[PDB]
Amino acid sequence: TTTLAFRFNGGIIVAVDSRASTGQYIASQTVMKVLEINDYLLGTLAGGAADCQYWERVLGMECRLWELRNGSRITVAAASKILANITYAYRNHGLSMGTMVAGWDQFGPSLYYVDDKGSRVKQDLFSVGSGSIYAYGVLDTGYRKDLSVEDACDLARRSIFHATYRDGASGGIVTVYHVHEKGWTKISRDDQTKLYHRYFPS
Amino acid sequence: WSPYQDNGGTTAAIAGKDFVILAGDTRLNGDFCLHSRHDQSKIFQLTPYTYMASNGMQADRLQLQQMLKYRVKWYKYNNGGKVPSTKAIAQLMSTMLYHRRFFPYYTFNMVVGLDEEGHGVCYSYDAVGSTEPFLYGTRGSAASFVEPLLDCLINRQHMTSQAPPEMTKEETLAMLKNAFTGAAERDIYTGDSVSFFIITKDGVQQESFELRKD
Amino acid sequence: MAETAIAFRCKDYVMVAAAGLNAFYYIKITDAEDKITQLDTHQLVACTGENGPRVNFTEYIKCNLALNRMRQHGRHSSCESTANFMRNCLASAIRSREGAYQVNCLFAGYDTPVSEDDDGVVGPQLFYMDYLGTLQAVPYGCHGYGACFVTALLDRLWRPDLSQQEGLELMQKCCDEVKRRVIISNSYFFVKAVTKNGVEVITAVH
Amino acid sequence: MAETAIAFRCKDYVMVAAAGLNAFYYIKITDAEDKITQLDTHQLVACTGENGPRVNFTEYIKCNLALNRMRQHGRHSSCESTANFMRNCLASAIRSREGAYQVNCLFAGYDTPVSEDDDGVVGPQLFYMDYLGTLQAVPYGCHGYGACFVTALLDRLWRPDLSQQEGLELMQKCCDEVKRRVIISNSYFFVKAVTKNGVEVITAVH
Amino acid sequence: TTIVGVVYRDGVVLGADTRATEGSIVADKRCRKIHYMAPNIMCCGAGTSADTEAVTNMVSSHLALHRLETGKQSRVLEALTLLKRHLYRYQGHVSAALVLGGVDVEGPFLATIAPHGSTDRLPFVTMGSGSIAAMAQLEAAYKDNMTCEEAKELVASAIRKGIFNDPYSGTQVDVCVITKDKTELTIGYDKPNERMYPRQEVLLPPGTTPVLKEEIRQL
Amino acid sequence: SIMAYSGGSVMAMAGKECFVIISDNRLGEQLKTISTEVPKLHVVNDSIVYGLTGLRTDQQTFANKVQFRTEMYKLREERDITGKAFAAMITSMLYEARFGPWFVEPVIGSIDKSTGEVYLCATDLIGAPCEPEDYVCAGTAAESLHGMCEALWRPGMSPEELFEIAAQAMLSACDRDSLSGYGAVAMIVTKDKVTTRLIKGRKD
Amino acid sequence: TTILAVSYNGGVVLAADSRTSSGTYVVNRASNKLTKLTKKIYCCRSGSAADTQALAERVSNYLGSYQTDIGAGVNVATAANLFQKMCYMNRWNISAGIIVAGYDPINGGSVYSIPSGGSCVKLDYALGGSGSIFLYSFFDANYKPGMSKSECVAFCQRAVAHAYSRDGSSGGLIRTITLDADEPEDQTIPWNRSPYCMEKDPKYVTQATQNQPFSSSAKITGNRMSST
Amino acid sequence: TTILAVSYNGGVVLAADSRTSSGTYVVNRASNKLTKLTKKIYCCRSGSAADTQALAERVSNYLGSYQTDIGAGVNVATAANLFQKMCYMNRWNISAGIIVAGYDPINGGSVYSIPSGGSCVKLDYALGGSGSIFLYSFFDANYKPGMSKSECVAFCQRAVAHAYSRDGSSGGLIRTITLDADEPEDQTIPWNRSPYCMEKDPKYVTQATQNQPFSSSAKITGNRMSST
Amino acid sequence: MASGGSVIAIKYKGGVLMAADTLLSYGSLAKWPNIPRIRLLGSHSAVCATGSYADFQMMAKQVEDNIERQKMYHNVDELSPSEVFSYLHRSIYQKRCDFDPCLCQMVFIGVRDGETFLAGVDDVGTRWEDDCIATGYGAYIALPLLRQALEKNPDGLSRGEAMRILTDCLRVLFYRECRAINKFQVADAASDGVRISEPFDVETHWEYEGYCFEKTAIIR
Ligand SMILES: O=C(NC1CC1)c1cccc(NC(=O)c2ccc(=O)n(Cc3ccccc3)n2)c1
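Protein sequence lines, in the order shown, are assigned to chains L, M, K, Y, W, X, V, H and N. In the authors' numbering, each residue's number is its place in the first sequence (first place is 1) plus 99. In the authors' numbering, each residue's number is its place in the second sequence (first place is 1) plus 125. Read in the authors' numbering, the third sequence has 35 at position 35, and its numbers run on one by one without any break. Read in the authors' numbering, the fourth sequence has 120 at position 120, and its numbers run on one by one without any break. In the authors' numbering, each residue's number is its place in the fifth sequence (first place is 1) plus 29. In the authors' numbering, each residue's number is its place in the sixth sequence (first place is 1) plus 1. In the authors' numbering, each residue's number is its place in the seventh sequence (first place is 1) plus 54. In the authors' numbering, each residue's number is its place in the eighth sequence (first place is 1) plus 54. Read in the authors' numbering, the ninth sequence has 151 at position 151, and its numbers run on one by one without any break.
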């Protein structure tokens, strides 16, 4: 798995691959690893797929009940905090989740990482998963706040691609989403092998 | 003493545009021995349009199958008679596998059926419910043989040759016979026979198919 | 241990510093997680350990202090109170189902007269806590891999009566020694002080 | 893993960098142990791992090369020769009484015509070795915790035909990424290149 | 793997299945598990294929050599002693398990060698994962002074019990008959497993697979 | 697992008076990919080719031992080793090391230059041979390669038909193995002609 | 395994059951655990077939060499002594209960037990095997010494039968050999003429009453044998 | 421990040795392992003294309550059934071989074995304890059913004596009780009037010949008893 | 740890036969050779277990009672064999879910209205139905033989042929299963209900020429 997200001036990009390994055999080249929780919030899946799928789905339900109960969308900080409180409550039950929660609340764009132990960190840039060690190399070097939205998706797509190319567990299709004031858009899906031929055209 | 036993065998499904085909082999294995060449326990109808397939421990798929069968009866009663869709059962199953997270069912399940638009679909699960829709599928002892072959003949991503037509339900069935047949040859825990179920809107054909007994 | 926190108290301030590093195994995520949490106007806690515990423990204290200040018509708890509350919370946890909060604290505060009647202790207070709920007043203390370098440096250089400026200088040598000698990059330190006038952030040192 | 080494080869040089850090558990002893060992005029080996193994392995190679150059009237071994000698020495060790030499190498060299008759390969050579004696020619490679950051950065930026100057720039981004993202302070890197004209130390990058 | 031997009036019949697994996958559907050991002695092996091949080869070779020294026919009991001494020395680590059958001047001789180097001379035997299933058909049907056909049928029958009941065993039955005079090995004496769906020729016409480079070289 | 550490898969299959042997191209340390240009085939002579899988250092070591043995053979004997001898030899070498094995799993294809009889042989790491008539294979993707070769392979294919099903099989299977990939190299070996081909694959 | 040996005036009987078991399956139901060392000296083997066959073959070899060299018969003590040596040298790596028994003209018939630790003890009779634990009381209660050859043979057959009727690890045939001044007489009682088994003892014919029918009384009747 | 019980016409005998051992030391050499459950129903206990005493006290309690409540005698089956229940409920946490035997007027004398797993089996006789392994053959060989009370008592004493002459973990006294229509007769044979022991069996009086004197011959004489 | 060894069963035309030795062992020790291991359940079924007799006894009591009470307390038809078997299987499973497993494999037979039923259930709740079934070493030794007899008589076996083949297997189990005795009972389920035979023995052969002392001797 490789996932990344970053905040820039234009919003948040989120990008992921689509491979699910069962160790050495590849179970799927087609996992969707961005969960569209609400329509202002995305979360990524890394770690135990079930754990992330389940608790992100719960988060989506808590987000929605918030909205019904209180007439107003939940903030990202709260959403991430909800998920962090769950993973903390279950820190001793060996969940495997590394998650990002990105969205754009009334305080602008916000990005959190929440892990299986209840950590909840809010940075402008993250990568997560076996292939993160690779994606940060490409990402750390190209990242600037003032990226356009093409340049930011290009950067995000390339970083995932570089992760896929090198890391055995990452692969398949690089999906990129943007999170902007009016919600999120899925910007693109590309097979990582088409991307090889686009970025390196010998 | 383990509470877990692998009883082996193999399920596979392939979706089509207005059908899905689902198959399981009928061998039920014990330790170092064979209990039955005629076990039909792997495939379990949930509604007319939805089936589940399960590999792993025969005992746990019997339990699971019943647990689901009753959630589906509750659903029918609580929803004025209507049956849950394949997608609803698919999500239900994920949730039930996951509720046992801690002492998991040792099943590798598939849920297959027809979507609303009447298109075949397959959800495969891991033991706690990670799923996703796919057009095909195979869990079990032969999975790692069959799955790459289906990849090759359905998706053809390494063939220059332009992709042939959409596979009809007769051609799809042949394809699964050919691939069960090769698996029986090479996976020692798959053999004996394959029950096929062709699910369409018009009902479910069954078809038995002999594999090699050794 | 990766994130070193340091504190010491002179006559008129207690100064606390703590490394920004946030890691994931070897991957450095940032050098800018402020791990010094202000709990009250004159109380702050430099807390080290995994984000999960550190945040849950500190947010619990910060809430309970706040709660108690409501249910007590705006009155600030003393630093010794707060430290004992933290200690008891840590301690209770090591015998709980959930287990120890794996965090280590320096709790620092400055006690001012809460009213005309307060005959209590006035001035800087600093406490060393460990995750098991050991709790000891100290004139300086540290946690983390740098803890020992710095502790010996403070034993050499600290005096009870440093000026606020001699203190910035001394804290800088402390941070610097931790950069010189710990394999783990504690590149940036956040530093705060508490004085009669509350918590000031200190950007002159890092 | 604590000490990251990096290398890559362009048309006219192979450039190698390696972190000065020497540690003892968490105690940083220096950021200035040169771990790039020149083996011959046109051959150097960036080698990472504990001082014991690293020095004994490199000193063995350096000697045996030197020995062989005596017993061969001043003639330089080819880089592929040397790399195979190193590989075989590593490999042999994993099945020895003593055990694997826990070190990982980048062996880099520049092969020049050894005589008028030499029809052999001319130019830069770089090899990735691991302690078990895996040996692979590569256009760039890395070892250590930074290895993967850098490897993906080089996959992005490296081209076969960089100038010696574009190479210094690129190596600097490599070193910098290792400082940005590895928890372990690889603060200073030694960098050398091999060219037709031998091993040059490079102080412009660190 | 299922191997079987029986003694009959004139000789010994051995039998074997032919599935060579690796893990839980049939690497070879039709391997020979009945090794030549001498002109009048065969061996079948079970256990760790490599150990079985090494050991039979070694002994086969030794007896070939011993036969030139002595000028005589190899005795089955020399074969057995060389085997058990070897296996005993390796304390089971050489996990060969052999049925050894021949005919010498002293008559038919069938024996098992277990990996730890125990032998058991007996009139019928089995080894291998299919051994129990097959042994049960021998206990059920064996009798003394079986004719050669009786013996072959029984050996096949016994091997079929492993083929059909042991996962590790399969495909077909090979038998070897050893009389005083000669040794007739018969591959596929029973083939009870054709394939039941004819293979479906998947058409992949030249140029179908994308090639990047090509080097041709003539000889 | 030590046999999976370096990744890589190899497969050989027989046709009429030809075989194909094919490797993937990856070299890893587990999930870290180090190189995508490491085919695992070695050519012994015009009629024998083999591939090794397993721990890469042992592939290298053992291949070098095999090249010593074979070059020595060819000098002493003044002829090329044949695939049967060659495979016997290998098996012997691996078994010498039975109690401390080479973590490799060779896969050997060969063709008698006269006859056109084709001999394949794969071995486990202690040198148990597997001499089937169809196809042999080894490495990280070996389950899936058996899948594919069973399905696609048929008797008496010609070099070209045989290449296509070798490549589709290697790629389909490698697309399901994390530790094998980056396309493949294939050698088609007839009596008359050796043809090497580098085949395009996924970059994951 | 059940092995035993008994002295009588002028010789010994050895006896054994015939079963070799890999736990709970019988790999050999007709093993011969009475192994010849010299003409008139035998061992009974228990424990690891492999181990005991290797030692017996080794000792028999040494003893044949030794007999050819001294040009005379071998004593049972010599055979026991060698066996003991080898059993003791390899005590950590083998599982091996031996009995060495036989006849030599100087000492008559003798019996030595060499149990797992490699002790060697000269006795009137000896028992070994998993089945022996069942015969100690049988001998204590029913063995009187001074029996004739024929009485002693029958008694050892009974003793083995008793043992293997209760030890799951013993079974099959009962092999005996006598060893004295005359020629060795081997004998083999097949199981179906065993002089004892539980399946034919009249006191084990009535079934335990475990499956009582559902009744209105506590009075116990019998097992429910039929549905009606 | 050696415990056993045997049926005779109209009742049962229970018997046991008296030794309780902490491995190889005897903590109690006069334990009473025949424990009263009701007037005419007893258990013999083997395994953990603690466990078996706790269960017997519990079952005896329940059974007294039950007898007072139904106003009539208790059946041995009831006692066995309760014992079985408790032994099975706690099978993982206790070491406990029980025999429940006694007399009730409906069923006469009965014997139930309740071994470690908590099976309950109704038998003619039952054996339990570490020492029982020694009596199986003794019964197979020497027990004929249909014995009188007095014969049956003597036989059980012999049987215990045989067992505890070979089991290191059994020893001491032999306690018996008979249970039938009449009053219970307990008996206690002290060790020194044991009806069997090896130390007084004439076939174990001659010493094994292990310590031969240094001689010029292979002829075995005797043990060297004196230095001269 | 009293335990029971193999059980084997086979369907014939008309019924089912199940057979078992009458022996409980304790480890290797053959402890009681006169135990009626087959047990009738209700009016149409019988059951026999391999493995822990205590587990068996508690489980079989639970099922017997359930059957008897369902029928005595409600004016309902006795449970069919499949229904009883179902119950027993769910019971056994529930125990594996409580980590309190019923450590037996069981064979179950029953007949009602000339419908026959033969199934196996195992400690973990595996269950299966077939024309023959065995447990313990039965499953390794006898099933192949029983299976072979049903391949050869695909029209079904007669009672005599079935009893001939059952008997052949008992004999083989006798020879090759260590913890066994040559005393067996066979339950026969038919129309009429189930009868358990009196205990019986099978003829054994031990006098093959190759079993002789001279041949089996290790040293000449
Ligand atoms: O993929 C996981 N497990 C394997 C089984 C699939 C898996 C499972 C759980 C968590 C993770 N986290 C990461 O990998 C990771 C790696 C680098 C990185 O920067 N971050 C974000 C972060 C921010 C602040 C503090 C700590 C982390 N996260 C992965």
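Using N, Cα and C, we set each Cβ at its ideal position, and we do this for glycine too.
- Neighbourhood of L21/Y in chain K, by CB distance below 8 Å: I183, in chain order.
- As computed with DSSP, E30/X is found in a beta bridge with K33/X.
- Annotation: Cβ neighbours of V253/M in chain L (cutoff 7 Å, chain order): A149.
- Here the distance from the Cβ of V227/L to the nearest heavy atom of ligand 1 is below 7 Å.
- Interface flag for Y235/L against chain X is unset, since no Cβ pair is found closer than 8 Å.
- Taking 8 Å as the threshold, the shortest C-beta distance from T274/L to chain M does not fall below it.
- Within the DSSP bridge table, the entry for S75/V names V80/V as partners.
- Counting along the chain, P234/W sits inside no alpha helix (DSSP H), nor does DSSP assign it H or E at all.
- A straight-line Cα-Cα distance of about 28 Å links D236/V and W206/N.
- The segment 160-180 of chain L makes no contact with the segment 69-77 of chain X; the number of CB pairs closer than 8 Å stays below 3.
- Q229/W and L126/X have their C-alpha atoms spaced approximately 34 Å apart.
- The beta carbon of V275/L lies closer than 6 Å to those of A114, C252, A255, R256, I286 and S287 in the same chain, with the five residues before and after it left out.
- In the DSSP annotation of this structure, the continuous segment of the alpha helix (DSSP H) that includes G160/N starts and ends at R159 to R176.
- Not one heavy atom of ligand 1 sits closer than 7 Å to the Cβ of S185/K.
- For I63/W against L92/W, the beta-carbon gap comes to about 17 Å, at or over 8 Å, which does not count as contact.
- Shown here, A304/M sits in a helix according to DSSP, grouped into three states.
- Bounds of any beta strand (DSSP E) do not take in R97/K, whose DSSP letter is neither H nor E.
- Partner residues in the beta bridge of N22/Y, as assigned by DSSP, are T30/Y.
- Here DSSP, grouped into helix, strand and coil, assigns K194/X to strand.
- In chain order, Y124 make up the part of chain L whose C-beta sits under 8 Å from the C-beta of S269/M.
- Taking a cut-off of 8 Å on C-beta distances, the segment 160-169 of chain W does not touch the segment 136-147 of chain W, as fewer than three cross pairs fall below it.
- Using a cutoff of 7 Å, the CB of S231/L counts as near ligand 1, since one of the ligand's heavy atoms is closer than that.
- Going by DSSP, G40/W is part of the beta strand (DSSP E) stretching over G40 to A45.
- Listed along chain W, the residues sitting closer than 9 Å to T74/V by beta-carbon distance are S147 and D149.
- Only buried fits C175/K, as 16 or more other CB atoms lie within 10 angstroms of its CB.
- Here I168/H carries a strand assignment [DSSP, helix/strand/coil].
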